[PDB]
Every structure is written in C-alpha cells, then in structure tokens.
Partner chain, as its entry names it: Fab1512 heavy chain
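There is one chain below, alone, in structure tokens, taken in the form solved without the partner chain.
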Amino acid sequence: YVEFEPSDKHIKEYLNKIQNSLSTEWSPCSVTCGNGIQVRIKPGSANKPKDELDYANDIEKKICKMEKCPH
C-alpha cells in the first residue's frame, strides 16, 4: 500500500539542497504546504567534518506538517 511517509531519497535530496545552511538547528520544512521533513546534524556529531556525516547516525529527521496545498 501507499506508504504516506517521506522517503530517504527525498530526505537526501533535501540535504543536498540546504547543505550550506545545514547545522545543529532544525532546518526549515522541506515543503511550503502539506507534509515534508526537517533535518539537523545530531548533537554529538557537530564536531564531524561535513564530508563524513553518516545519513543514519549523524543526521536527525522529523516530519513537519504545513498548511494545506492550494489549487
């Protein structure tokens, strides 16, 4: 059945997009309406080089729900 959860592919594409503002603060939501993702660098991973961040272990993720998308 349809998953209705964000995929890791979407999340990885979002990470490329905001790579220059990515930090230990929660990012903006990846969409402006509907469901997206927010990401941040894990607390105890702030010391790691940017090119050595493990997707699963060094990046935190959460779902964000924005206002409904208009027509």
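Numbering follows the first chain given and starts at 1.
If you average the C-alpha B-factors over 10 to 18 and over 55 to 63, the higher value belongs to 55 to 63. Once the C-alpha B-factors are averaged per stretch, 21 to 29 and 44 to 52 rank with 44 to 52 first.
Separately, the form deposited with the partner chain bound exists; it is not shown, and the next lines address it.
Using a 4.5 angstroms limit between non-hydrogen atoms, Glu67 is distant from the partner chain in the bound PDB entry. Interface residues of 27 to 50, taken as those with a heavy atom within 4.5 Å of the partner chain in the bound PDB entry (partner not displayed): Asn35, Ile37, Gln38, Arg40, in sequence order.
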